[PDB]
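Asks: Structure file my_file.txt (compact mmCIF, C-alpha atoms) right here:
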# COMPACT_ATOMS: atom_id res chain seq x y z
CA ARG A 346 -69.08 93.02 72.89
CA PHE A 347 -67.56 95.53 75.32
CA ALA A 348 -64.62 94.55 77.52
CA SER A 349 -65.05 95.42 81.18
CA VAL A 350 -63.46 98.42 82.88
CA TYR A 351 -60.56 96.40 84.30
CA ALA A 352 -59.67 95.41 80.71
CA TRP A 353 -60.81 98.44 78.70
CA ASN A 354 -60.12 97.97 75.00
CA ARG A 355 -58.08 100.54 73.07
CA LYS A 356 -57.92 101.14 69.32
CA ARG A 357 -55.50 103.38 67.41
CA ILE A 358 -57.44 105.33 64.77
CA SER A 359 -55.13 107.03 62.28
CA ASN A 360 -54.96 108.08 58.62
CA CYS A 361 -58.66 108.56 57.87
CA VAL A 362 -61.27 111.30 57.95
CA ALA A 363 -64.00 111.05 60.58
CA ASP A 364 -67.14 113.18 60.77
CA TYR A 365 -67.36 113.77 64.52
CA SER A 366 -70.71 115.46 63.86
CA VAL A 367 -72.40 112.08 63.35
CA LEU A 368 -71.47 111.17 66.93
CA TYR A 369 -72.07 114.75 68.07
CA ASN A 370 -75.67 114.84 66.79
CA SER A 371 -76.89 111.41 67.92
CA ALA A 372 -79.21 111.49 70.94
CA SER A 373 -78.14 108.02 72.12
CA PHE A 374 -75.52 109.59 74.43
CA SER A 375 -76.07 111.21 77.83
CA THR A 376 -72.68 112.67 78.80
CA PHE A 377 -70.44 114.18 76.10
CA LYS A 378 -67.87 115.89 78.31
CA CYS A 379 -64.96 117.24 76.25
CA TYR A 380 -61.81 118.40 78.05
CA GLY A 381 -59.26 120.63 76.34
CA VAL A 382 -61.39 120.93 73.19
CA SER A 383 -64.85 122.05 72.09
CA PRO A 384 -67.23 119.53 70.47
CA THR A 385 -68.31 122.10 67.87
CA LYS A 386 -64.69 122.69 66.83
CA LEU A 387 -63.91 118.95 66.67
CA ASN A 388 -64.95 119.01 62.99
CA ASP A 389 -62.42 121.38 61.41
CA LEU A 390 -59.63 120.25 63.75
CA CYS A 391 -57.24 117.70 62.23
CA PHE A 392 -55.55 115.60 64.93
CA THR A 393 -52.85 112.93 64.78
CA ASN A 394 -52.97 109.40 66.22
CA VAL B 395 -88.27 140.36 83.29
CA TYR B 396 -88.85 137.84 80.50
CA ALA B 397 -90.04 134.35 81.41
CA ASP B 398 -89.64 131.68 78.72
CA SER B 399 -91.55 128.50 79.60
CA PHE B 400 -91.45 125.13 77.86
CA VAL B 401 -91.30 121.37 78.43
CA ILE B 402 -88.33 119.10 77.67
CA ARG B 403 -86.95 115.71 78.65
CA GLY B 404 -85.33 114.75 81.94
CA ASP B 405 -81.83 114.43 80.47
CA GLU B 406 -82.29 117.69 78.54
CA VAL B 407 -82.66 120.26 81.34
CA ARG B 408 -78.85 120.34 81.50
CA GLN B 409 -78.98 121.68 77.92
CA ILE B 410 -80.66 124.89 79.16
CA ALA B 411 -77.43 126.71 80.02
CA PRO B 412 -74.96 129.03 78.24
CA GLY B 413 -72.51 127.05 76.13
CA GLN B 414 -74.35 123.72 76.26
CA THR B 415 -75.26 121.83 73.09
CA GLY B 416 -77.65 119.18 71.84
CA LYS B 417 -80.85 119.27 69.81
CA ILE B 418 -82.56 121.58 72.31
CA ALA B 419 -79.59 123.96 72.43
CA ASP B 420 -79.00 123.91 68.65
CA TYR B 421 -82.47 124.01 67.05
CA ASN B 422 -85.01 125.00 69.73
CA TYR B 423 -83.65 127.21 72.54
CA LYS B 424 -80.29 129.01 72.60
CA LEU B 425 -78.97 130.85 75.64
CA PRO B 426 -76.45 133.68 75.18
CA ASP B 427 -73.04 133.36 76.81
CA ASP B 428 -73.63 136.61 78.75
CA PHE B 429 -77.05 135.53 80.04
CA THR B 430 -78.09 136.99 83.40
CA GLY B 431 -81.05 135.28 85.04
CA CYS B 432 -82.32 131.98 86.40
CA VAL B 433 -83.16 128.58 84.91
CA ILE B 434 -85.89 126.89 86.98
CA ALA B 435 -86.69 123.29 86.08
CA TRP B 436 -88.94 120.75 87.75
CA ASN B 437 -90.18 117.24 87.01
CA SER B 438 -93.87 117.07 86.09
CA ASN B 439 -94.47 113.37 85.40
CA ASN B 440 -97.98 113.54 86.81
CA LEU B 441 -99.64 116.24 84.66
CA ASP B 442 -98.09 116.16 81.15
CA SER B 443 -97.65 112.38 80.77
CA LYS B 444 -100.68 110.28 79.82
Please re-express this file's structure in structure tokens.

Replies:
Amino acid sequence: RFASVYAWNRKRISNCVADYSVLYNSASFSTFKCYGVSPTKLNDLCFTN
Amino acid sequence: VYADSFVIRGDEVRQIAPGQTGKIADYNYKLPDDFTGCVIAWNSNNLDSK
């Protein structure tokens, strides 16, 4: 289930590790446009909220 | 002049560029960030698709 664009659904992910490489390596995606950050460096970077 | 020729998918020609990523740009063909040249790509779904 995916809510439509007029009611896009938002989730607050916090206080957990997340291997962005598993998303970064899957071929199921077409556009992976990252702004202000590099997808390769998303791994070592520790963000908040 | 050095001409490197290969065949890839339709949504993968964008990967043939400096800085791009994906399976093609990580394990098969890497382009240097200071690359000087051209990247010609054309659809051939009448000669390599059976």

Asks: Let me have the centre and edge lengths in Å, one decimal, of the box along x, y and z around every listed atom of range 369-376 of chain A with 8 Å of margin on each side, as lines of an AutoDock Vina configuration file.

Replies:
center_x = -75.6
center_y = 111.4
center_z = 72.8
size_x = 23.1
size_y = 22.8
size_z = 28.0

Asks: What are the closest atom pairs, with distances in Å to one decimal, for all residues of chain B lying within 8 Å of chain A? Consider all atoms listed in the file, order rows by chain and residue number, and present the result as a Markdown table.

Replies:
| residue | atom | partner | partner_atom | distance |
| --- | --- | --- | --- | --- |
| B:405 | CA | A:375 | CA | 7.1 |
| B:416 | CA | A:370 | CA | 6.9 |
| B:417 | CA | A:370 | CA | 7.5 |

Asks: To one decimal place in Å, what is the distance between CA of residue 350 in chain A and CA of residue 368 in chain A?

Replies: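 Calculated distance between CA of residue 350 in chain A and CA of residue 368 in chain A is 21.9 Å.
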
Asks: Any idea what's packed within 10 Å of residue 364 in chain A, counting only C-alpha atoms, ignoring anything in its chain fewer than 6 positions away? Could you give it as a PyMOL selection string?

Replies: chain A and resi 387-389

Asks: Could you check the closest approach to residue 419 in chain B for each of B:395, B:407, B:401, B:432 and tell me which residue wins, using all atoms listed in the file?

Replies: B:407

Asks: What is the distance, in Å and to one decimal place, between CA of residue 359 in chain A and CA of residue 380 in chain A?

Replies: 20.6 Å
